[PDB]
Amino acid sequence: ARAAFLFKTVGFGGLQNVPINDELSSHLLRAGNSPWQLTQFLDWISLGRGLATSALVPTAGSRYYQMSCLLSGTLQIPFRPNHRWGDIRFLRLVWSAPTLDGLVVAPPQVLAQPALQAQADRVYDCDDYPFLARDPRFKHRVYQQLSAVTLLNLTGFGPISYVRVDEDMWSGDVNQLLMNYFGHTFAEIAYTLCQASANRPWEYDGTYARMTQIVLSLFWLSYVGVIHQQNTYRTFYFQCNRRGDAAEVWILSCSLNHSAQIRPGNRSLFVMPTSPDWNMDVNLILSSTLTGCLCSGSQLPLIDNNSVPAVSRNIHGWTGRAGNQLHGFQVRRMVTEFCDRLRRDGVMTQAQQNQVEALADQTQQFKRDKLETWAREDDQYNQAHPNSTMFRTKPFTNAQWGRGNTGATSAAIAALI
Amino acid sequence: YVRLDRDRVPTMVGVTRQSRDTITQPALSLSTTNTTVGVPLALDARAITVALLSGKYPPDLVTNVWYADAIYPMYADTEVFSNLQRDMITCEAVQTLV
Amino acid sequence: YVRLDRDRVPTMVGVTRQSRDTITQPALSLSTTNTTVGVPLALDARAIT
Amino acid sequence: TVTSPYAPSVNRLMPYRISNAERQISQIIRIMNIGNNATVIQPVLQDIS
Amino acid sequence: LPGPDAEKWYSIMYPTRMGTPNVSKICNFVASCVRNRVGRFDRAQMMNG
Amino acid sequence: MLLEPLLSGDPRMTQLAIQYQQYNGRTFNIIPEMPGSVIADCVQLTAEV
Amino acid sequence: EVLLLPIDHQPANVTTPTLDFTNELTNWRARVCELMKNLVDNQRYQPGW
Amino acid sequence: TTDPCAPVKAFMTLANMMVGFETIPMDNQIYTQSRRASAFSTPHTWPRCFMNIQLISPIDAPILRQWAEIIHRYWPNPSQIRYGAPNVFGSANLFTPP
Amino acid sequence: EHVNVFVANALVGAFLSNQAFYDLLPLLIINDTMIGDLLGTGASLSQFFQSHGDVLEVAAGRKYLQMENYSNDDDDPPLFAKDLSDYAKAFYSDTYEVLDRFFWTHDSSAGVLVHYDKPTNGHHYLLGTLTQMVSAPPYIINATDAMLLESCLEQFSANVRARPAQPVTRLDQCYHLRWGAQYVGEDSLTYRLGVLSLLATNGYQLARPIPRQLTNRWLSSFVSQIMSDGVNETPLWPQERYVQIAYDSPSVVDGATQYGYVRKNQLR
């Protein structure tokens, strides 16, 4: 069970302020003034059935990053040492009520008064705020989204997910609950699980937490390619009809053909994508969100200091001196690893592999071009306006477009079983 | 409920639906933009006393069996499931209006 | 027929029509949609006793 | 006691779960509707009785 | 499509299905399109029958 | 009846098999060994001719 | 998930109840009766009866 | 009967009838001793108390402890027998030797 | 053999009140654990024990008993409302996080107190009722404040009489308030008593002498002194998170215990 509640805010991507402005804030708060916008994000991505887009929100990762930036820029008001909640403004916005329920336009006096200058990469403790300390349920409800934001902001790459394999997790209630999702997709399962977690925080070793861990393990094993129709984990797997597509859909399935042999014990590790094209992959973001929702009362293992930048080191609840390593991968190379593993297993042919490779190459080309164009547009806007600089997507560099530790990550995930 | 602690007796319950001149934060206008609610309902002391003095159980009562028989018909309704959807639509309408 | 070995009780019976070298749609047979292993059938306890 | 099936199914759609915020807002609206008027609340107590 | 008439719908729904005999504008537009994006292309068959 | 159950859905098939599953997760798969078919061989022979 | 009650609640431990006087309401009744007895037995009131 | 969950149903029908006189522990908070015996139709519903007899106190539930012992010790055991002429008529067995 | 203290107390009470006590006898001798044995019974008298899952609820018995000639005199000893039928209620468990999770769905407006030092029978929380103390005029004091005041005075006496080589039952005798600050005002007797509890725990000493046997007049004088005008001129302020110990305080309770106490280096 978690004992320390700490979180990290976003850092400036070369600018001198939090990369968000009034236009983006209004577009985010267009339909609701609550800064906690997990449900709104779920509605916006529309089950990941297609490529969502907009003028100010080109991708789903764009909206995720903007939510993180808004929370980082806004939460610094009640976390000042004086702990006052409604005397200063941030971008023509003020908190309503000490319980942090919504953001409203500033009164005329506060509008005349100067705004707050936010800082970068701040680390805060939830128990410092008196109201959060007083109310446990409120703190537990907020800490899910705070943990998701922290998992996104911890490094400069994409979000982080947690994979765990343990045979003792399975039980009668877990089997009964899992059997009900026979034909649903990963997005729908994530939607229902997230809504349930929002309604009630889970306990340390509850049925919902165990089933969430099992679902994450199944999804990642299927994604790598260790588990398939002819090699199932207790007759469960994930099927994807069009691998390498722009919007992949994964469906839970059962098969009685064969069940793999699982060594006894408890194993786990931490996965993340490095290539920028994660902005258009709903499944990865949803997996990270599920891990964040889990982090409310589970106290996951520590992350090794050497895998994170200097500013993220020695966080009381997240990083440590000796911890697990972060494994990063590239989607395009992982597709090839998937195809090769299936072919060695003997359930795929060369022509099918070639077709999958061609489709993946086309998708990668398209995504790369779109991302570069959007980055250039953002740069031009920042050059034009020097007082309202912003970013619409998390900044990336040219080096991140090459394969990294994909082979090692695939080997580790395979050895997990 | 307070037993004999006079300092903790509730004296007002109010709800708000508007805002004052330039006050934007509800925590600053709830105190002075609310309308009290509540009503007293009268009962008869004689009936309550008679009920308290004259009460009996069936001759041979087994509570688990009796309640298993009595509660079963009541738990086949879905009106609560309907009310959930009604509440969702109400909140949707309020946000759309604003 | 197991006696009280819970880990070995049969729960599902199915039929497949595809070879074990291919990946296809999971078109499960109709026999797998039973809560029990087979079609339920009721009996009268008084008659047996 | 109630029972549920245990077998593969056909993807039913039963939307019934909402949030505590929605419940609270609806409760506040109902309380606003019933204000200072006994005749609006007495039949509820009669039904409960 | 379920309805009294379907000939019109079968021609409205799929522009690419029409043949291109002459050099009219409509025929040019149809001939300038791909041939392998029409009708169904993905399904979720979770059970037999 | 003769092959009628095979026409229920997706007649495209390669081989028949049957399985059952335990509670712990293990499955037993029985794949009968096809000896041959005199008619099928004769039909393919006429294809040569 | 919490309901408040203006009286003390003590869960029952048997399914076949019998008469019992270890209750706060029974104590209340006993105290009222003994108070009225004291009032009647007061020496400034009894001589008039 | 051929129902594999029959031994559990024999145990729980007595446990239902002993509510208010004897108590046994249960695994989760949702299910109690008053759960109807006919609902234990799948292997995932078997309680921990039935599987591990040591969790039934011989002081709290004396009779229910004995009932569990009888089931675990004197329930009939399955057997085998031979039939047919597999050498000439072959066999149609699938999951068993022919 | 080792006997169960809960069962012993319940047995004596039931026998003195002429209740069914023959069922408590087979539980007199501990089998594995006191709390486990009481949790596993399920069905008992239920005016002594109620099981809420893995938390056991126990009614708190009287600590004092009045004779016939108690007359609320100035020189009568104060009883701190611990002579009434029910002043508090105890919840026993094995872990403080389990107790905290239990209090998510339970009323706590009255106030929750805790001993982080060696508890009487293990980890337990204490919840007060709506009774009152009226033996110290002109003040009316509720049960929670009464127990806070009693513990604070005991700790102050222990601090005065402490010696380097004389053992004591508990290093810290003060009650700490864990839940219920929402209903406590900033200028209230409960808040000021919390401040005094922190001072006593950290080791301050009263200037006025404390009589070996307390009296209602002395208690009333002390409460009037507390409620008089002024400010808090010490750097110690109460928080519900933990008990904070100054860097240069003589207390060593942080080394003795494993949870509840935190020493502050910057607080001098």
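Residues numbered from 1 in each chain as written, not as in the entry; some residues may be left out. Chains lettered and ligands numbered in written order. Part of a larger assembly, values for the part shown. Heavy atoms only, no water.

Its PDB header names cryo-EM as the technique used to obtain the model and reports a resolution of 3.0 Å.

In the nomenclature of the PDB entry, chain I is known as Outer capsid protein lambda-2 of Mammalian orthoreovirus 3 Dearing. Per the PDB header, the title for this entry is "Cryo-EM structure of MRV virion".

In the nomenclature of the PDB entry, chain A corresponds to Inner capsid protein sigma-2 from the organism Mammalian orthoreovirus 3 Dearing. Under Function, UniProt gives the following word-for-word description of chain A: "Inner capsid (core) component." Quoted straight from UniProt, the Subunit entry for chain A says "Interacts with protein mu-NS; in viral inclusions." (UniProt positions renumbered as here; feature names shortened; annotations may be inferred.)

Undergrad: Could you give me a rundown of the overall build of chain A, with the residues and numbers involved?
TA: From N to C terminus, chain A includes 13 helices and eleven strands. Compactness check: chain A gives a C-alpha radius of gyration of 22 Å against a globular reference of 22 Å for 417 residues, within 12% of the reference. With respect to the three principal axes, the spread of C-alpha positions in chain A is 70 × 45 × 40 Å. Taken over 417 residues, chain A has a buried fraction of 61%. Contacts in chain A between residues at least 24 apart in sequence constitute 73% of all its contacts with a sequence separation of at least 6. Summed over all atoms, the accessible surface of chain A reaches about 16,300 Å², with 50% contributed by carbon and sulfur. Looking at charge distribution, chain A has the averaged site of its 36 positive side-chain charges lying 2 Å from that of its 32 negative ones. (Helix = DSSP H or I, 4+ residues; strand = E, 2+ residues; numbered from the N terminus. Rg over C-alpha atoms; globule rule 2.2 N^0.38 Å. Buried < 20%, exposed > 50% of the residue type's maximum accessible area, 1.4 Å probe, protein only. Contact = heavy atoms within 4.5 Å. Areas by Shrake-Rupley, 256 points an atom, 1.4 Å probe, with all protein chains shown as cover. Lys, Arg positive; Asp, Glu negative; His and termini not counted. Charge placed at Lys NZ, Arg CZ, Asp CG, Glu CD.)

Undergrad: Tell me about the interface of chain C and chain F, residues and numbers included.
TA: On the chain F side, the residues contacting the 14 residues of chain C number 18 residues. Summing both partners gives a buried area of about 1,400 Å² for chain C against chain F, and 44% of it is carried by carbon and sulfur. It is C:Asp7, C:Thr16 and C:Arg17 in chain C that bury the most area against chain F; as a group they hold 39% of the surface buried on that side. Where chain C touches chain F, the interface holds twelve residue pairs in polar contact. Among the residues forming the side of chain C that touches chain F, the class breakdown is five nonpolar, five polar and four charged. (Buried area = accessible area lost by both parts, 1.4 Å probe. Polar contact = N/O pair within 3.5 Å; in protein donor to acceptor, adjacent residues only side chain to side chain. Nonpolar A, V, L, I, M, F, W, Y, C, P; charged D, E, K, R; others polar.)

Undergrad: Can you lay out the state of the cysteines for me, pointing to particular residues and giving the numbers?
TA: Here the structure, examined in full by the defined rule, presents zero disulfides over all chains. A:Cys194 provides the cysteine sulfur closest to A:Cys293, a residue in no disulfide bond, and the two sulfurs are 4.1 Å apart. (Disulfide = S-S within 2.5 Å.)

Undergrad: Can you break down the sheet that holds strand β1 (residues 12-16) of chain C residue by residue, with the values?
TA: The strand order across the open sheet built from three strands is β1(C)-β1(F)-β2(F), with neighbouring strands paired in antiparallel fashion. The open sheet has two edge strands, β1 of chain C together with β2 (27-30) of chain F, and neither has a second partner. Going from strand to strand, the sheet's axes swing by 15° on average, the running direction of each strand aside. Of the strand pairs in this sheet, strand β1 (residues 17-21) of chain F and β2(F) are connected by four bridges, and their pairing is antiparallel. Along β2(F), the bridge assignment pairs F:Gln21 with F:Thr27. (Pairing = 2+ DSSP bridges. Axes fitted to C-alpha atoms, helices over the stretch in contact; angles between N-to-C directions.)

Undergrad: Explain the side chain of I:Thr144 to me, using residue names and the numbers behind them.
TA: Inspection of the secondary structure assignment puts I:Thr144 in helix α4 (residues 143-161). If near-sequence neighbours (up to four positions away) are discounted, I:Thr144 is found in contact with I:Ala110, I:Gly111, I:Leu113 and I:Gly128.

Undergrad: Tell me about the nonpolar core, residues and numbers included.
TA: All names here are of chain A. Membership of the largest hydrophobic core comes to 66 residues, with the highest contact counts inside it found for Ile45, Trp220, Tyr223, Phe236, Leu286 and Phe329. Sort the elements by how many residues they give to this core and helix α9 (residues 207-224) lands first, with ten residues. Ignoring anything within four residues of it in the chain, the contact list for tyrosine 223 reads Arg243, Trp250, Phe329, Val331, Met334 and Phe338. In this structure, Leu15, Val18, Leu100 and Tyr124 belong to the second largest nonpolar core, which totals 49 residues. (Core = buried A, V, L, I, M, F, W, Y, C linked by side-chain atoms within 4.5 Å.)

Undergrad: With reference to specific residues and values, describe the pattern of salt bridges.
TA: Scanning the entire structure with this criterion turns up 31 salt bridges over all chains. Note that A:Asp281 is salt-bridged to A:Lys367, the shortest N-O span being 3.3 Å. Here the residue A:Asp281 occupies a position in the loop between β8 (266-273) and α10 (282-294), and A:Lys367 occupies one in helix α12 (residues 350-384), the gap between them amounting to 86 residues. Of the residues examined, A:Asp281 reaches a relative accessible area of 14% and is grouped as buried. On the basis of relative accessibility, which here comes to 6%, the residue A:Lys367 falls in the buried class. Put simply, I:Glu150 and I:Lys63 hold a salt bridge, and the shortest N to O gap is 3.3 Å. One end of the pair, I:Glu150, is in helix α4; the other, I:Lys63, is in the loop between β2 (56-59) and β3 (88-92), and 87 residues separate them in sequence. One network of salt bridges, with partners in common, ties together A:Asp125, A:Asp128 and I:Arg241. (Salt bridge = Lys/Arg side-chain N within 4 Å of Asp/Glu carboxyl O.)

Undergrad: Tell me about the sheet that holds β3(I), residues and numbers included.
TA: All names here are of chain I. Across the sheet, six strands lie side by side as β1-β2-β3-β5-β4-β8; this open sheet has antiparallel pairing. Of all the strands in the sheet, the pair left with one neighbour each is β1 (49-51) and β8 (176-179). Between one strand and the next, the sheet's axes are offset by a mean angle of 30°, whatever the strand orientation. Where β2 lies against β3, four bridges are found, and the strand directions are antiparallel. Paired with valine 58 across the bridge in β3 is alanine 90.

Undergrad: Tell me about the packing of helix α8 (residues 186-199) of chain A against α9(A), and name the residues and values.
TA: Residues and elements named next belong to chain A. Contact geometry for α8 and α9: axes closest at 12 Å, N-to-C directions at 155°. As summarised for this structure, α8 and α9 are arranged roughly antiparallel, according to the angle between their axes. For α8 against α9, the interelement crossing comes out left-handed. Contacts between α8 and α9 involve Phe186, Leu193 and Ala196 from the first element and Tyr208, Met211, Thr212, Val215, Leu216 and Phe219 from the second. Residue composition of the contact of α8 with α9, by class: eight nonpolar, one polar and no charged. (Parallel < 35°, antiparallel > 145°, perpendicular 65-115°, else oblique. Left-handed = near helix turned anticlockwise from the far one by under 90°.)

Undergrad: Give a detailed account of the packing of aromatic side chains, specifying residues and quantitative values.
TA: Residue and element names in this part refer to chain I. Taken as a whole and judged by the stated rule, the model has 41 aromatic pairs over all chains. Relative to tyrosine 125, the ring of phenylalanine 103 has its centre 5.8 Å away and its plane inclined at 40°; by these criteria the two rings are tilted. Remark: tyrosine 125 occurs in strand β5 (residues 124-128) and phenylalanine 103 occurs in the loop between α3 (96-102) and β4 (112-114); sequence separation between them is 22 residues. Here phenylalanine 103 falls in the buried class, since its relative accessible area comes to 8%. The buried category is assigned to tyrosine 125, whose relative accessible area is 0%. Ring-pair connections join several aromatic residues into one group, and the members of that group are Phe91, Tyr96, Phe102, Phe103, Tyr116, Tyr125, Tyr259 and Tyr261. (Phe/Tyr/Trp six-rings, centres within 6.5 Å; stacked < 30°, edge-to-face > 60°.)

Undergrad: Help me get a handle on the arrangement of the chains, residues and values and all.
TA: When the 22 pairs of chains in contact are ranked by number of contacts, first place goes to chains C and F. Separated without contact, chain B and chain C have their nearest C-alpha atoms at a distance of 22 Å. A gap remains between chain F and chain I, with no contact made and the closest C-alpha atoms lying 29 Å from each other.

Undergrad: So, the environment of G:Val2: which residues are in play, and what are the values?
TA: In this fold, G:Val2 is placed in the segment before α1 (24-41). Discounting residues that sit within four places of it in the chain, G:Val2 has contacts with I:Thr105 and I:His106.

Undergrad: I'd like a description of the pairing of β3(I), backed by residues and values.
TA: Residues and elements named next belong to chain I. The buried fraction of β3 is high, at four of five residues. With five bridges joining them, β3 and β5 adopt antiparallel strand pairing. Across the sheet, the residue bridging to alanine 88 is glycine 128, located in β5.

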